Structures are given as structure tokens and as C-alpha cells.
Amino acid sequence: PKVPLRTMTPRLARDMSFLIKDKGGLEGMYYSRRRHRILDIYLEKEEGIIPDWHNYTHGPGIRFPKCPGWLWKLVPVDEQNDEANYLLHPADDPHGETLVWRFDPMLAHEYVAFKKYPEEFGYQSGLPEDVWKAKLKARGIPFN
């Protein structure tokens, strides 16, 4: 780490979001857990940001950021040439959806993940324990 390690704050996430936007990053690029990890390791190395913050809701559909101030979301988008598919994809999303990063400044004014999917925050849901667990179980999302 070139910088002392620190935790993500909403203000830092907001500043990062607009800076990445201005540099042309992320917008329209295909999401993957691999690219996701590459981003978080780089941000720990270069910005000293502990990689515990970059999480999205479970889906399916639009995946909303669980960090207030992160202004990026994952939006779903719309193969019998198997050999070419092998050459380009030889070997994943639990809902089989292809996602792209999308910038949304309104996420600074509405904490969509917490307000529409509070149960995905577990003991930080603001809901009784039996309530958020039952909601997660009905949607197939484990809570360990």
C-alpha cells in the first residue's frame, strides 16, 4: 500500500464515483467478479481503501450499491458457435444475467439498496431478526 490504509466513507465513495465517471471508467463495461476484485485490490494499493465496501445487492435485476455514496450500479443487458465461444470463453452470476456498470448520480440522494432491500443488510437491516431472515430465505439468499 502506497498510502496508509483507511475505510471507505460515503464522501470518499462519492468523490471516487465522480472522478471515475470523468475519466470514462466503468460505464458500459461488462461486470465480472474478476474485474470487481481487480478494482478493489487496485484501490487498496493506490488509495489505501480497505476492500470491505464494494458490494451490490443480490438480484436478479439491477444490482444496487450497498455503500452510500457509491454512484455505480449493475444493470442487466440482453450460442451455437461453440468453438469460437470456447476460444473466447473456455471455462458466475447466480441469476445467469449479464451485467454492465452504469453511473447513476441519483444514488447519492436515495439509498436504494437499503430502502428497497433492507433484509440484505442482515443485522443492520433495521428489521427484527426473524423478519429479515425469513425474507432472505424466501428469495433464496443465504445468511449463513
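Structure summary
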{"read-out": "Residue within the range 20-34 that is of a type in the set (A, V, I, L, M, F, W, C) and outside any helix (DSSP H, G or I) present", "value": "yes"}
{"read-out": "Extreme residue, nearest to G69 (Cα to Cα), among residues of the range 8-26 that are out of contact with any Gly (no Cβ under 9 Å at 6 or more places or on another chain) and surrounded by 13 or more Cβ atoms within 10 Å (Cβ to Cβ)", "value": "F18"}
{"read-out": "Single match in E97, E119 (criterion: within 18 Å of the chain's Cα centre (by Cα) and under 12 Å from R63 (Cα atoms))", "value": "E97"}
{"read-out": "Failed item in (1) over 25 Å from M16 (Cα atoms); (2) in the same structural domain as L12 (by TED's automatic domain parsing); (3) in a helix (DSSP H, G or I), with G96 passing the rest", "value": "(3)"}
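For (1) of a type in the set (V, I, T); (2) touching a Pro at 6+ places or on another chain (Cβ under 9 Å); (3) exposed (fewer than 13 other Cβ atoms within 10 Å of the Cβ), each residue gets a yes or a no:
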{"position": "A113", "(1), (2), (3)": "no, yes, no"}
{"position": "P118", "(1), (2), (3)": "no, no, no"}
{"position": "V131", "(1), (2), (3)": "yes, no, no"}
{"position": "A138", "(1), (2), (3)": "no, no, yes"}
{"position": "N144", "(1), (2), (3)": "no, no, yes"}
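Numbers and lists here come from the model and the stated rules, or from a named source; no laboratory instrument gave them. All Cβ positions, even for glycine, are placed from backbone atoms using ideal geometry, and neighbour counts span all protein chains on display.
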